[PDB]
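Trainee: enclosed are the sequence and the experimentally obtained structure.
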Amino acid sequence: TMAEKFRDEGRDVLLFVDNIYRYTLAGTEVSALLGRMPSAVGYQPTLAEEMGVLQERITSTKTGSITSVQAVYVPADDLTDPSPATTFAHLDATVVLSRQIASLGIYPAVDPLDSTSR
Amino acid sequence: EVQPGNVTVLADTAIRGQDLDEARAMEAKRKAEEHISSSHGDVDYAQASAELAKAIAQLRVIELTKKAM
C-alpha cells in the first residue's frame, strides 16, 4: 500500500520484499482453521489466487513505476513444490540459487542454466 | 652365427628381400597418404565397449544425486 501511494504520486519506486514465501505459508497455517479442505501438499486450496491477488498490484503503470526484488524461499530445495512453481509465472527475471554451487564456495551461487529473463 | 661352443640361428618370420620389403613400404606410404585406417580384430572389446556406451547413455545420474562435483 505504501509503494502504491508513492507510485500514484507520479514517482518511481523501489520495493524490496524480504521473503514472499512466508506470505503464503502464513495462509497455509490458517487455512485449515478457516474450515477449508487441504489441496495437493497440504497447501490451502486458494494458493494461486491468494498469490495472484497480491502480485498483480505490484506493477508499474503509465503514471509511475515500481521496480521490485523479491526473495522467494523454496522448501526442501524442491523447485517443483506448488509455491515456487506458482510464483515463477509472476516474475520477469528469475534468478535461481542452488546449494550444489554454494558448497563449491562459488558466490553468488546463481545457477546459470536456470536463471532467465524476459 | 657359430661360436666356439655355441651356435645360434637368428631365423626370421617371413621371406625377406628387396622386391618384397619395397612393396611393404609402398603400401605403408599409401595407407598414410590416403588416410586408410583398418579396424582391430578385438570383437570382445568391441562388444564390451558398445554395451558400456549404451548403458551409460542418458543416465543423468549427477543431476539427480546432488553431487556437487
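Mentor: That came through, no problem. Numbers count the residues shown, from 1 in each chain, chains lettered A, B, ... in the order given.
Trainee: spatially central residue in chain B, please.
Mentor: residue B:40 (5.5 Å; Cα atoms, centre = their mean).
Trainee: please, which helix or strand holds that residue?
Mentor: Using DSSP states H and E, no element contains residue B:40; it sits outside every helix and strand.
Trainee: quick one: it from residue B:49, how far?
Mentor: Distance, residue B:40 to residue B:49, by Cβ to Cβ, to the nearest Å: 11 Å. Where you see a C-beta, it was placed from the backbone N, CA and C, and this is true even at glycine.
Trainee: isn't residue A:96 up against residue A:112?
Mentor: No: assessed by Cβ atoms under 8 Å, residue A:96 is found out of contact with residue A:112, at 9.0 Å.
Trainee: against which helices or strands is the biggest helix by length in chain A packed?
Mentor: Counting residues, the longest helix found in chain A (DSSP state H) is helix A:21-31. Applying 3 or more Cβ pairs under 8 Å, 6 or more residues apart in numbering or on different chains; DSSP states H and E, we find helix A:21-31 packed against helix A:47-55, helix A:82-87.
Trainee: ok, the helix or strand following the shortest one: who's next to it in the sheet?
Mentor: Right, the one you point to is helix A:82-87. Toward the C-terminus, helix A:82-87 is succeeded by strand A:93-94 as the next helix or strand (DSSP H and E). Note on strand A:93-94: by DSSP bridges, its sheet partners are strand A:116-117 (antiparallel).
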